[PDB]
């Protein structure tokens, strides 16, 4: 009804042909359809508008309208978001969907407006897997001394240092070059990102560790969103609901497709045995306990309880 022409900028870090990049184009299509072509979303993928930290700041200030980012960089504004960098929180994607779409996920999204952001909903980045260029990693012992890029918060740094890595926080947009030049030995990310950001080309080793699950938050600038009419807000939130469903499906198919592609493209795949997984859990347990104070005890306990019920 009350919809005026709008042009809406949507930058992101992943490649345009990643599952989430394709979901961003899907969001653009749905926004156009629901607005009779009046609201036009322009996507800028592959880091064209900067990494997550810059995208977040652009939404706060108003130079950008929409983005998706990992939860990890949000921890520098809202420490409770660091909960998702704890290892082995979610047994599988069904547990993740339930927790994130339920009250514990909502409690965290509800903290965003005070920082100038609207958490429209959660999208799936996914289960993270270790890659490197030094040696196969199939044992906890093999992590020792690996120079491993991590996401930029205290939880990620502390977890990987606790596992023996030389952990190097770096923005995602600098990662391919750091791997290619061997400024770092490795990194960790979902399979479809390892594929579509081309990290595999410079990472002969992959471990199916699935050690952490990363949500994306699908974000709007609060300053911008608040100036929309209710009908315009409804286009955005309806398109966000449609796109979340599309994105999670595309992500899960993308993960299966990525493992097949990586094996065909000269990547050597390992895993941690059940005994090595046990060693990792035992090693990180005291680190996780100490990190509760930095994240927020009630957030950690609430998320763990929600995951158990799920």
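Residue numbers count along the first chain shown, from 1. So that the term is clear: the rigid core is the largest set of C-alpha atoms that superpose within 1.5 Å between two forms.
Averaged as a root mean square over residues and superposed structures in 4 other deposited structures of this protein, CA distances to the shown form are larger in 263 to 271; the pair compared was 263 to 271 and 23 to 31 with a core fit. When 236 to 244 is weighed against 209 to 217, 236 to 244 comes out higher, by mean CA B-factor as recorded in the entry. Set 295 to 303 against 13 to 21 and average the Cα temperature factors; 295 to 303 ends up higher. Between the residues 185, 231, 80, 188, it is 231 that shows the highest Cα B-factor in the PDB record. Residue set 66, 69, 270, 60: peak C-alpha B-factor at 60 (per PDB entry).
Annotation for residue 98: C-alpha temperature factor in the middle third relative to the rest of the modelled chain, per the entry. For residue 34, the recorded CA B-factor ranks within the highest third of the chain. Only modelled residues enter the ranking. Per the PDB record, residue ranking by Cα B-factor puts residue 204 in the middle third of the chain.
Per the deposited record, the Cα B-factor of residue 172 falls in the lowest third when ranked against the other modelled residues of its chain. Sorting the modelled residues of the chain by their CA temperature factor places residue 53 in the middle third.
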